[PDB]
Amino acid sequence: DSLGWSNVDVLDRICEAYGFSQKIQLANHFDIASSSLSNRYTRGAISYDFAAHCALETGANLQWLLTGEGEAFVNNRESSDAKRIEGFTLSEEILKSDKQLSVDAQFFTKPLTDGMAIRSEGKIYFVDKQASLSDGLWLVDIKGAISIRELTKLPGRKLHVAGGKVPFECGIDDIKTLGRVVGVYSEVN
């Protein structure tokens, strides 16, 4: 184990696999302090632990993750329509990481490049983290509590926030918007 491989290359080629663009899309993922992660980028010791979990979590090819040239799978768009989306569960205002969810590109008229599939009470909300702010259902963070709320833009850089509890109004600097719900799947038990 010293075949002359690049750590930063594997760490990035791992990002393409998952389908990331930012390095913050890793630190919290494996629950490590950003400082610990920069260390992984610094030292030449390959993060085999991430390569393995990436191979397991995203299904991406291990051979490719460590070397290759483009023998992973197909994340650029709809492989065969497949399309993987990072998954979560939202319960008691806490967002927890969970299994990736495979879903057809036909579910979205607009490509969902930076999405989240969130399980919350018999429904799976598909969220676009890159959505421009607009009226609609959104995944938000209010003082650390994560929830899905209907937002309505108001003049003066304000928002009306509804759902969960009695509605209220605040400024866009008062709550954090995580992404817009672009689709919802509901089980009919």
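When you see a residue number, it is the position in the sequence shown, counting from 1.
Original post:
Comparing 77-85 with 107-115, which has the greater mean CA B-factor as deposited?
Top reply: Of 107-115 and 77-85, the stretch with the higher C-alpha B-factor average is 77-85.
**OP:** Please work out which of 65-73 and 141-149 has the higher mean CA B-factor as recorded in the PDB entry.
**Re:** Going by the record's values, the stretch with the higher mean is 65-73.
Original post:
Among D31, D49, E121, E57, which residue carries the highest C-alpha B-factor recorded in the PDB entry?
Top reply: That would be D31, according to the entry.
**OP:** Using the entry's values, work out which of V181, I172, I14, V166 has the largest Cα B factor.
**Re:** Checking the PDB record, the top C-alpha B-factor among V181, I172, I14, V166 is at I14.
Subject >> Third of the chain's Cα B-factor distribution that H160 belongs to, per the entry >> reply: Answer is lowest: the recorded C-alpha B-factor places it there.
Original post:
Taking the entry's C-alpha B-factors for this chain, is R43 in the lowest, middle or highest third?
Top reply: Top third by C-alpha B-factor.
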